[PDB]
Amino acid sequence: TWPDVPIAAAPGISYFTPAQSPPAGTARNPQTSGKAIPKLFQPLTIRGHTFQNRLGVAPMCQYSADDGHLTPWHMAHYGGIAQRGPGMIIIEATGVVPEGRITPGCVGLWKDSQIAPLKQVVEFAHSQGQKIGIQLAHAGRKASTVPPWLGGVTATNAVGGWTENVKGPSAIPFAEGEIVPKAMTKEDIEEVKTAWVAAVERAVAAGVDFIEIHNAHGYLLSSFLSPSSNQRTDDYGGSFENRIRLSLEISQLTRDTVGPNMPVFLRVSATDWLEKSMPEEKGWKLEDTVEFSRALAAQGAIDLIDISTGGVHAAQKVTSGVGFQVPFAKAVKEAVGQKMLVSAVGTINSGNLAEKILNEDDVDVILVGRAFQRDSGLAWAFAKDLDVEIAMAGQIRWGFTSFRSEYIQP
Amino acid sequence: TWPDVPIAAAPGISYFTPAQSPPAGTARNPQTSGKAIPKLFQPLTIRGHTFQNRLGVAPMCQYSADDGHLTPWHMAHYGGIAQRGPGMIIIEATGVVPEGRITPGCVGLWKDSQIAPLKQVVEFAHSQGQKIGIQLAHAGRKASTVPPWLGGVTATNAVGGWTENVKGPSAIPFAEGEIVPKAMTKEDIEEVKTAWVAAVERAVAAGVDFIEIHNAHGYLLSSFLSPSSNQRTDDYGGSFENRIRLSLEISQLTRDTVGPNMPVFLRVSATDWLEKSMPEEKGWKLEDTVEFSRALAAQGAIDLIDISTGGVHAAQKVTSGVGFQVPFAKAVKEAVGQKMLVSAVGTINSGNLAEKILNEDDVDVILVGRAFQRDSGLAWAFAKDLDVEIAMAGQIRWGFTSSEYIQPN
Ligand SMILES: Cc1cc2nc3c(=O)[nH]c(=O)nc-3n(C[C@H](O)[C@H](O)[C@H](O)COP(=O)(O)O)c2cc1C
Ligand SMILES: Cc1cc2nc3c(=O)[nH]c(=O)nc-3n(C[C@H](O)[C@H](O)[C@H](O)COP(=O)(O)O)c2cc1C
Ligand SMILES: [Cl-]
Ligand SMILES: [Cl-]
């Protein structure tokens, strides 16, 4: 006596959940308003993948991993964001070796047991049509510390640390009183590259849509760049060519393992923020980052440079503020044009400023961090900031619309 | 060389996650600002349990369960809320029998396999210091329908329905053209009572902190109250006492089963909204809800009456607006003073308005629905609107300051 109305399910998974067609965060085309779609909510395609808008979740450590293994905290964290249509999600820094975690709570992928917890989270994200990738990491001489809400102080062995297995380019503590890392041997560098392939391979089995390389914030790769942390006298220190070499190798290796269709990102710290505080230190400035991005666009393996700053030197003096890292992303996009995409991140907390950055600075992707801890639906917020009628999950949307559309007029 | 700093873990569980001392959403007492803590952020104790503030997540159907089983959808939903410190979480309407779900995607607790999926979510919430309970339900003559984003129309058997196993007090479809429900036999009600007791035990086995009885919104118990849906001629129909009889039995059975320490809530539809649209209809109005709340206060089984409205009759005309069901809770609170707790729900979108309802309408709990689907961190939102310094998870809190507490303004 009634028509048959089925509930379409997400494909390829062992549990039922409703499918969202199109995925949450997709601008209706045509907009019901008749207005043009702002640059922020126009899809972007990198190699084999399409992101339905250009707002990404910046990688954010949760310090809640159990021997590198994801827990239901990460299902609640990443999954609540995934239900609300960001354009992409960058999973937090994930250790490629145990001594490459930052803290005892860091995610890791040095082990096959670590794949399936990550795979459960990726799988639910894709049940939502969301794109999810992972930032592989090696904390270097900044490894073995406690989470930041506990001050970020050294994690001793009694409390889970590894103060005797901390490795960097050179025997230089990050600050006085911090762990003196062991200057990595050539075999250590070869061991890190070897572990890097295994971690990339482990991520690929888990189903990630892209890989980001953590080359920023004074961790292992970032510290090879800076002559403040790198005083090696071999093929990996001294000259500018040598200090970007390991970063260049990891980029080729990472490309070579994922093939020609998978997006590969690299995040770098554009400056060490010593311009005023330590002007006589030959460190790492925007000029160095621009020459670095020139080698990476020339090399052709990395698709997107994620520009961050600082963490490279303890004496940094960070000039914070709204969008305080956009100037560096603007200059790097200027250096590489369309050969490389560039993303911006850092105190970008309105949709209007996000759109302003994409158009006036020619940035490709807008990443937001903290605000996604506060607003798991920040993509919902930025669309409202921009008045974009967007798609949202049928479970969420039906109480924000009339009794009788797949899109939300925010 | 270096001081020893361990990361305390949540106790009694097989996975590491940082412990939250105090649970998120706890107003610092005393506030560092010296200001007083509003009632919305004053803890609440019901029998064996203490809630760290009075903001609750109202029950909200997700229509995404797998043969009644919770999925990672529910861990992302409830668990993302749980990280952000509400005073309580009321899990959605949970069917006690298969045919008592609303839709094929509704949760259930008629079967033992459904406990462990529930237990993973309750166990993650409790890792955060969260209080979490469940709304048990039976969709009645409004059962076997599709989710609301697909129109809420009948679900035929071809798409997962059970159009021949839909039961209510009387064989009266909810609207014209809808499924004609089967009029329950004496055995039908006893099977519900048997099924209800078992579902309580399954909920208690899953570890919930409280149970709410869904007696609202035109589902099974709501349809027994209203003479529009209930024309029975036995102990469950006719007189007003007969129409509230089943609700009274169900509440005591739950009380006897959960023991003396567990809070038991009951949600009711305070009015059917037929005053203007069907004025000559003997239906269910606030005067009945007050006599029912008085009878439940006399009984002593239920600790909190969850006041809602509507869903009881198809021609309802709901005059909505900000705090639009607050008047009914205000009259019910007056009739039951301190013998029973009372909550209010409905288009309550700021901490300022919430506090206002608490203080001069004297309700005990403020429930919010939609606003939690948008902001899983609404407890943070209402704390800022009221300038209340609250505790927040160390994973969330450390990027908004240079303490365990966050000054939200
Ligand atoms: C809690 C938290 C965790 C973070 N984890 C990482 C990380 O694992 N890797 C990384 O490159 N940056 C990390 N960051 C830095 C952010 O990804 C981002 O670049 C920075 O927060 C941008 O500023 P915003 O959060 O104010 O938008 C983290 C930041 C926060 C607040
Ligand atoms: C998506 C959604 C699902 C709901 N599911 C239930 C439910 O299962 N049981 C119930 O008693 N009320 C349910 N409600 C009603 C809410 O609990 C609440 O009483 C009502 O929505 C008013 O809350 P609000 O105005 O803050 O959204 C639901 C509401 C929404 C929007
Ligand atoms: Cl970082
Ligand atoms: Cl409902």
Side-chain angles (χ1 to χ4, degrees), chain A residues 56-63 90-94 102 106-107 134-135 137 139 142 147-149 212-219 222 265 267-269 306-311 320 322-325 343-349 366-374 378 394-400, chain B residues 56-63 90-94 102 106-107 135 137 139 147-149 212-217 219 222 267-269 306-311 320 322-325 343-349 366-374 378 394-400:
Chain A
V57 185
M60 270 167 327
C61 281
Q62 297 310 282
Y63 314 95
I90 316 195
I91 277 178
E92 58 202 281
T94 293
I102 307 175
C106 281
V107 186
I134 191 147
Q135 189 204 47
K142 296 173 68 168
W149 71 85
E212 179 182 282
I213 297 159
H214 205 329
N215 217 297
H217 295 172
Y219 297 118
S222 161
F265 302 175
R267 167 178 294 203
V268 68
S269 279
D306 183 8
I307 300 285
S308 194
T309 65
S320 70
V322 157
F324 75 103
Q325 307 188 129
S343 87
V345 73
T347 324
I348 313 184
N349 297 116
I366 296 302
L367 298 173
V368 182
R370 298 129 204 257
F372 267 110
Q373 294 177 288
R374 175 53 193 88
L378 195 74
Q395 303 99 320
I396 319 186
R397 96 185 153 242
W398 75 256
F400 299 62
Chain B
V57 193
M60 276 185 298
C61 274
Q62 302 298 294
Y63 312 98
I90 302 198
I91 291 167
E92 50 192 280
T94 289
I102 311 154
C106 284
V107 186
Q135 183 183 52
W149 72 83
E212 182 174 280
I213 298 158
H214 195 344
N215 207 128
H217 296 169
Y219 306 150
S222 174
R267 168 168 274 184
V268 63
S269 265
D306 189 343
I307 284 288
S308 181
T309 52
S320 45
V322 57
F324 73 109
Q325 325 186 114
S343 94
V345 72
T347 326
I348 308 165
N349 316 261
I366 297 305
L367 294 169
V368 186
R370 286 135 238 258
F372 262 123
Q373 296 196 272
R374 163 68 186 88
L378 204 62
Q395 300 102 314
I396 301 165
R397 97 184 156 244
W398 74 270
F400 307 70

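When a ligand or atom number is given, it counts from 1 through the structure's own listing order. Quick note on labels: first sequence line is chain A, next is B, and so on, each numbered from 1.
Near B:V368, meaning under 4.0 Å from one of its heavy atoms, ligand 2 places the atoms 26 (O). Against a heavy-atom cut-off of under 4.0 Å, A:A93 is close to the following atoms of ligand 1: 8 (O). Of all atoms in ligand 2, listed by their number and element, those nearer than 4.0 Å to a heavy atom of B:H217 are 10 (C), 11 (O), 12 (N). Interface of B:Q373 with ligand 2, defined as ligand atoms under 4.0 Å from a residue heavy atom, comprises 1 (C).
From the protein, the heavy atom lying nearest to atom 27 (O) of ligand 2 is B:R370 NE, 2.6 Å. In this structure, the protein non-hydrogen atom closest to atom 9 (N) of ligand 2 is B:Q135 OE1, 2.8 Å. Residue, atom and distance of the protein heavy atom nearest to atom 30 (C) of ligand 2 are B:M60 CG, 3.8 Å. Atom 11 (O) of ligand 2 has B:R267 NH1, 2.8 Å as its closest protein atom, hydrogens excluded (heavy atom only). Nearest protein neighbour of atom 24 (P) of ligand 2, counting heavy atoms only, is B:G369 N, 3.5 Å. Of the protein's heavy atoms, B:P59 O, 2.9 Å lies nearest to atom 6 (C) of ligand 2. In terms of protein heavy-atom proximity, atom 18 (C) of ligand 2 is closest to B:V345 CG2, 3.7 Å.
Residue contacts with ligand 2: B:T347 is included, with a non-hydrogen atom under 4.0 Å away. For the ligand labelled ligand 2, residue A:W398 lies inside the 4.0 Å heavy-atom shell. Under a 4.0 angstrom heavy-atom cut-off, B:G346 registers as being in contact with ligand 2. For B:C61, the closest heavy-atom approach to ligand 2 falls below 4.0 Å.
If you take CZ on B:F400 and CZ on A:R370, they are separated by 7.5 Å, rounding to the nearest 0.5 Å. With rounding to the nearest 0.5 angstrom, the CD1 atom of A:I348 is 9.5 Å from the CZ atom of A:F324. A distance of 6.0 Å separates CD1 of A:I102 from NE2 of A:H214, quoted to the nearest 0.5 Å. We find the CZ-CD distance between A:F400 and B:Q373 to be 6.0 Å, quoted to the nearest 0.5 Å. Here B:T94 contributes atom OG1 and B:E212 contributes atom CD; the two are 11.0 Å apart, rounded to the nearest 0.5 Å. A:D306 contributes atom CG, which lies 8.0 Å from atom CZ of A:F265 (distance to the nearest 0.5 angstrom).
Side-chain atoms of B:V107 and B:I91, non-hydrogen and from C-beta on, never get closer than 4.5 Å to each other. Taking 4.5 Å as the limit, every side-chain heavy atom of A:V322 sits out of range of all side-chain heavy atoms of A:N349.
In summary, of the residues considered (A:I307, A:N215, A:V345), a side-chain contact (heavy atoms from CB on, under 4.5 Å) with A:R267 occurs for A:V345 alone.
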Walk me through it: do A:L367 and A:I90 pass the test side-chain contact (heavy atoms from CB on, under 4.5 Å)? CA-CA 9 Å; A:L367 298 173; A:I90 316 195; 4.2 Å; yes
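Under 4.0 Å from ligand 2, the heavy atoms of B:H214 that appear belong solely to its side chain.
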